[PDB]
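Commentary on secondary and tertiary structure
Here's the letter readout for the chains.
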Amino acid sequence: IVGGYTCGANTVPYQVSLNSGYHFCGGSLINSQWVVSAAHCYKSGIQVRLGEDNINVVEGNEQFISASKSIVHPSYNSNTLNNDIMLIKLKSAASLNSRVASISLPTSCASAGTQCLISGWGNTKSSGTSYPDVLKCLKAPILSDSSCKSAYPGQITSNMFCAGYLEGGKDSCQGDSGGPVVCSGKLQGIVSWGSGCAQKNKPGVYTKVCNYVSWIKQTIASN
Ligand SMILES: NC(=[NH2+])c1ccc2[nH]c(-c3cc([C@@H](CC(=O)[O-])C(=O)[O-])cc(-c4ccccc4F)c3[O-])nc2c1
Ligand SMILES: [Ca+2]
Ligand SMILES: [Cl-]
């Protein structure tokens, strides 16, 4: 997160860190055994880390659970990043409490102007790499589809939306990938891609979760 603030320990209880010996992507807990992340964050050997604040210190509240299976959307296109969503099933269910809680899936898609909370342990520099120890947060609005397509002509599909600031300075970045975009308590997006981080007129592009609720529900129900 570039231009964000320190969230405060466990104030984002649904945030998870996907770890393979180091933090590589974020994710969201949607029930006690499933996490939603981005398809491009897929790899084998993933350990899901819940209740984290400082990812380099065991401070208490952490629960490290291995992933039993990762299900990348069947129509994921690694070249366009269209359908950049993945479900991870945990080996054991997590103990939910105030520090570890799931977030609700939406019933409707959000409108432009909706203010959302984006969080993660991704890079904090737009020019260079600085990775934080604790979780960073950024409040950002969903942009209109016309502004989004104007910024990324020919690269936005109906399964994507832009959120952020066209002036640059505040954005999500590499490492935040897979994590949550929550608006009015519902998970509306997944950090997917963007051109650099916090560059003028190049907002972040997110996977539009409201277009995948039936898929998520059907897939969880059959696995
Ligand atoms: N501007 C934004 N709002 C934004 C949002 C998500 C991003 N995710 C990434 C991202 C970038 C990389 C670099 C890799 C490098 O320079 O070392 C790249 O390929 O350009 C990699 C990943 C990535 C790829 C696979 C797994 C985990 C990852 F974070 C990104 O998500 N950039 C991002 C930028
Ligand atoms: Ca920790
Ligand atoms: Cl277009």
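Residues numbered from 1 in each chain as written, not as in the entry; some residues may be left out. Chains lettered and ligands numbered in written order. Heavy atoms only, no water.

- As named in the PDB entry, the protein chain is BETA-TRYPSIN, taken from Bos taurus.
- For this structure, the PDB header gives the title as "Elaborate Manifold of Short Hydrogen Bond Arrays Mediating Binding of Active Site-Directed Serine Protease Inhibitors".
- Under the Subcellular location heading, UniProt states for the protein chain: "Secreted, Extracellular space".
- In the Sequence similarities part of its UniProt record, the protein chain is described as follows: "Belongs to the peptidase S1 family." (UniProt positions renumbered as here; feature names shortened; annotations may be inferred.)

What about the environment of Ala67?
- Among the structural elements, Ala67 can be located in strand β6 (residues 63-72).
- Along the chain, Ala67 and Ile88 lie 21 residues apart, while their C-alpha atoms are 6.2 Å from each other. (Helix = DSSP H or I, 4+ residues; strand = E, 2+ residues; numbered from the N terminus.)

Some details on the site of ligand 1
- Neighbouring ligand 1 are 16 residues; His40, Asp171, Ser172, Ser177 and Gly196 lie closest to it.
- Here an oxygen atom of ligand 1 and a side-chain polar atom of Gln174 are 3.1 Å apart.
- A distance of 2.7 Å separates a nitrogen atom of ligand 1 from a polar backbone atom of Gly196.
- In isolation ligand 1 exposes 680 Å². Once the protein is present, 59% of that is buried. (Near = heavy atom within 4 Å. Polar contact = N/O pair within 3.5 Å; in protein donor to acceptor, adjacent residues only side chain to side chain. Areas by Shrake-Rupley, 256 points an atom, 1.4 Å probe, with all protein chains shown as cover.)

Concerning the UniProt feature "binding site: Ca(2+)" in the protein chain
- Residues annotated in UniProt with the feature "binding site: Ca(2+)" correspond here to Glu52, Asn54, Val57 and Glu62.
- Note on placement: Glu62 falls in the loop between β5 (47-50) and β6.
- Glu62 sits in the buried class, given a relative accessible area of 17%.
- Ignoring sequence-local partners within four residues, the contact set of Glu62 consists of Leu50, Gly51, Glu52 and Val57.
- A polar contact is formed between the side chain of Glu62 and the backbone nitrogen of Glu59, at a distance of 2.9 Å. (Buried < 20%, exposed > 50% of the residue type's maximum accessible area, 1.4 Å probe, protein only. Contact = heavy atoms within 4.5 Å.)

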